[PDB]
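# Tertiary structure, described
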Amino acid sequence: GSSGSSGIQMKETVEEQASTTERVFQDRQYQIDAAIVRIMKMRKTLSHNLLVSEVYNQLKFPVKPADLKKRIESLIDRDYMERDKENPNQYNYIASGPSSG
């Protein structure tokens, strides 16, 4: 949604410390799931290699194999992508929604 009864909406901060924050936990999962939905969508049908490759290009940060894979599988079961009867390496687009360009 939106901040709510707010005037301006724009935030941005930069921190350089080995330590790990908590907000970086949600931002990550989103960065991935988002990059996947965006990629898959645009590509009616994409494979694992083509996927992992595209996603990485969209993410300027290294992602773990457990998280990445998990994100995919889920999405697929989230009525977003389907595994080609032939091989589970290929995923087709199913999500329903209008588009402009």
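What follows concerns the UniProt feature "domain: Cullin neddylation" in the chain. UniProt records the feature "domain: Cullin neddylation" for residues 27-87 in the present numbering. Between the first and last C-alpha atoms of residues 27-87 the distance is 32 Å; the span itself is 66% helix and 10% strand.

We now examine empty space enclosed by the protein. If a probe the size of a water molecule is rolled over the atoms, the empty space left behind becomes visible. Using the criterion set out here, one finds one cavity of 30 Å³ or more in the structure. Each pocket or cavity is described by its volume, and for the largest cavity that value is around 40 Å³. If you go around the largest cavity, the residues you meet are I36, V37, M40, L75, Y80, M81 and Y93. In terms of residue count, the dominant contributor to the lining of the largest cavity is helix 1 (residues 23-42) (three residues). When grouped by side-chain class, the residues that make up the lining of the largest cavity number seven nonpolar, no polar and no charged.

This part covers the packing of helix 1 against helix 2 (residues 48-58). For the pair helix 1 and helix 2, the least separation of the axes is 9 Å and the interaxial angle reads 125°. Comparing their axes, helix 2 and helix 1 come out oblique. Helix 2 is crossed by helix 1, and the crossing has right-handed handedness. Facing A35, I36, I39 and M40 of helix 1, the residues of helix 2 in contact are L51, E54, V55 and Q58. Classifying every residue of the contact of helix 1 with helix 2 by side-chain character gives six nonpolar, one polar and one charged.

Within the secondary structure, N92 is located in strand 3 (residues 90-93). For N92, a relative accessible area of 14% corresponds to the buried category. Of note is the side chain of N92, whose polar atom sits 2.9 Å from the side chain of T45.

In this structure, the largest pocket encloses a volume near 330 Å³. Lining the largest pocket are 13 residues, and of these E15, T21, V24, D27 and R28 sit closest to its centre. Roughly 190 Å³ of volume is contained in the second largest pocket. Surrounding the second largest pocket, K41, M42, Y93, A95, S96, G97, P98, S99, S100 and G101 form its lining. For the lining of the second largest pocket, a count of residues per class yields four nonpolar, five polar and one charged.

Rules behind the numbers
- Residues numbered from 1 in each chain as written, not as in the entry; some residues may be left out.
- Heavy atoms only, no water.
- UniProt positions renumbered as here; feature names shortened; annotations may be inferred.
- Helix = DSSP H or I, 4+ residues; strand = E, 2+ residues; numbered from the N terminus.
- 1 Å grid on protein atoms, 1.4 Å probe; cavity = no way out; pocket = protein on both sides within 12 Å on 5 of 7 lines; lining within 4 Å.
- Points joined across faces, edges and corners; volume = space filled by probe spheres on them.
- Nonpolar A, V, L, I, M, F, W, Y, C, P; charged D, E, K, R; others polar.
- Axes fitted to C-alpha atoms, helices over the stretch in contact; angles between N-to-C directions.
- Parallel < 35°, antiparallel > 145°, perpendicular 65-115°, else oblique.
- Left-handed = near helix turned anticlockwise from the far one by under 90°.
- Contact = heavy atoms within 4.5 Å.
- Buried < 20%, exposed > 50% of the residue type's maximum accessible area, 1.4 Å probe, protein only.
- Polar contact = N/O pair within 3.5 Å; in protein donor to acceptor, adjacent residues only side chain to side chain.

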